[PDB]
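Listed in order, the protein sequences are those of chains C and A.
Each residue of the first sequence is one higher than the one before, counting from 233 in the entry's author numbering.
For the second sequence, the positions run -1 to 89, 109 to 169, 175 to 232 when the entry's author numbering is used.
Let me begin by presenting the structure, written as C-alpha cells, before commenting on it.
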Amino acid sequence: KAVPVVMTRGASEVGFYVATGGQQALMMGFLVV
Amino acid sequence: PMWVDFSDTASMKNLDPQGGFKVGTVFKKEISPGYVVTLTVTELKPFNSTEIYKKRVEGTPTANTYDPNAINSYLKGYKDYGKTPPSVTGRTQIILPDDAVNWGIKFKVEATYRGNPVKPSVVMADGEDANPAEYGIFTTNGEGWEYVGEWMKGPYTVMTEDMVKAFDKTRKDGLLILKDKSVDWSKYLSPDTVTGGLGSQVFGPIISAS
C-alpha cells in the first residue's frame, strides 16, 4: 500500500499498457512547480 | 502530487455509452490556481500494437506477432474471448473492470498557466498489485522516467523470465496468459533488468513489494 511512483517531464503523450490474468489499474497525476 | 479524480464527472467530457473512456474522451480541471491540465484519450490499443513492441520483436522468430490493428481484448482461451470487454473507466484510479485482458490506453497531455501553454510533469503508478505475468507498462514521449518515491533490496523489483518461469510452474493448471503463443510475452518484460527502465521512455513491468 506504499506504491512506487515514476515521473516524466515534458510529455505531450503518455501511455499505459496492461496484460493480466487478473486486473491492474492506473493512477495518474501532475506536479506543479 | 495532485492525482487525478477520474470519477469526478464534472471534469469529464465526451464519455462513452457505458460511462467509460473512448477516443476523444477528455478530462479537464484547474489543478491549482491558474493551472489547467487537459487529458484526452488518443488511443485504445494493447502493447503488442506499439512501435516499442515492434522494435523488440523485430528480426526474431516472433516479428510476425506485431499486430498494429490489435484491439483491446480478452486473453485467448478465456471464457469471454471474442466478446468485447467493458469500457475502461474511473467512476481515483482508471481500470478496465474485468479479468484476463490485454489492453492499453494513450493520452494527449496539455497544461496551461494563466492561459499559456506550459511543460507538464506527469507521475504514474499501478494501483493494483502484480505477480509475475501480471504485466503493467508505462510509456512517455517526454523526458525519461525518474523514480520519485512512493505514495502511502527493493523499493520495487523488476519482473524477469526466470521469475515468470517459476511462478508458471505453480499455477499447476499452467498460467492462462502464457498459453496464447500468438504474442511474445517475453517481450512485455523490460529489457532493462537493472532498473525497470528509468532514464528511458518505457518503465517496463515491475512487481510491487510486500
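We treat Cβ as the ideally placed atom computed from N, Cα and C, and that holds for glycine.
For residue i, report the span of its beta strand (DSSP E) as first-last.
i                 : result
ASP115 of chain A : Taken as a continuous stretch (DSSP letters only), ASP115 of chain A belongs to no beta strand (DSSP E), as it is neither H nor E.
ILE154 of chain A : 152 to 157
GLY80 of chain A  : Careful: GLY80 of chain A lies outside any beta strand (DSSP E) and carries neither H nor E.
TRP168 of chain A : 163 to 168
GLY247 of chain C : 245 to 252
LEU263 of chain C : 257 to 263
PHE25 of chain A  : 24 to 30
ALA142 of chain A : 138 to 143
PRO236 of chain C : 235 to 241
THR40 of chain A  : 33 to 41
So that I know if they touch, is there some Cβ in chain C lying closer than 7 Å to that of residue i?
i                      : result
residue 174 of chain A : The residue list of chain A ends a segment at 169 and starts the next at 175, so residue 174 of chain A has no coordinates to report.
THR156 of chain A      : yes
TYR79 of chain A       : no
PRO(-1) of chain A     : yes
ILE69 of chain A       : no
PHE25 of chain A       : no
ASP202 of chain A      : no
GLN110 of chain A      : yes
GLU151 of chain A      : yes
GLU183 of chain A      : no
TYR64 of chain A       : no
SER30 of chain A       : yes
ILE229 of chain A      : no
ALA117 of chain A      : yes
residue 264 of chain A : Given that chain A is displayed from residue -1 to residue 232, the structure contains no residue 264 of chain A and the question cannot be resolved.
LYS194 of chain A      : no
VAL165 of chain A      : yes
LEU211 of chain A      : no
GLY221 of chain A      : no
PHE45 of chain A       : yes
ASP143 of chain A      : yes
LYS123 of chain A      : yes
Using 7 Å as the limit for Cβ to Cβ distance, is residue i near chain B?
i                : result
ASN12 of chain A : Among the protein chains of the structure shown, namely C and A, there is no chain B.
Taking residue i as part of the alpha helix (DSSP H), name the residues at either end of that continuous run.
i                 : result
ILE50 of chain A  : 49 to 55
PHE189 of chain A : 183 to 190
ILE199 of chain A : 198 to 201
Could you round the C-beta distance between residue i and residue j to whole angstroms and report it? I think they count as a contact, below 8 Å.
i                 : j                 : result
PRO84 of chain A  : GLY18 of chain A  : 7 Å
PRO44 of chain A  : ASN119 of chain A : 5 Å
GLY80 of chain A  : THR240 of chain C : Not really, about 36 Å apart at Cβ, beyond 8 Å.
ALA243 of chain C : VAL35 of chain A  : Contact doesn't hold; Cβ gap of about 12 Å is too wide.
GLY32 of chain A  : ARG131 of chain A : 5 Å
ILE228 of chain A : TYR178 of chain A : 5 Å
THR217 of chain A : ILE50 of chain A  : With 8 Å as the limit, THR217 of chain A and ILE50 of chain A do not qualify as a contact, their Cβ atoms being about 17 Å apart.
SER30 of chain A  : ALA147 of chain A : 32 Å between Cβ atoms; not a contact.
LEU197 of chain A : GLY253 of chain C : 7 Å
Quiz item: Would you call the stretch 118 to 133 of chain A and the stretch 243 to 263 of chain C touching, i.e. three or more CB-CB distances under 8 Å?
Solution: yes
Quiz item: Does the stretch 68 to 78 of chain A come close enough to the stretch 49 to 56 of chain A that 3 or more CB-CB pairs lie under 8 Å?
Solution: no
Quiz prompt | At least 3 beta-carbon pairs within less than 8 Å: the stretch 11 to 21 of chain A vs the stretch 183 to 195 of chain A | solution = no
Quiz item: Quick check: the stretch 38 to 46 of chain A against the stretch 129 to 148 of chain A, are there 3 or more CB pairs under 8 Å?
Solution: no
Quiz item: Between the stretch 198 to 207 of chain A and the stretch 149 to 160 of chain A, do three or more beta carbon pairs fall short of 8 Å?
Solution: yes
Practice problem: Taking only beta carbons into account, state which residues of the stretch 128 to 140 of chain A come closer than 8 Å to chain C, listed in chain order. | Solution: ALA128, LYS136, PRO137, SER138, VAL139, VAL140
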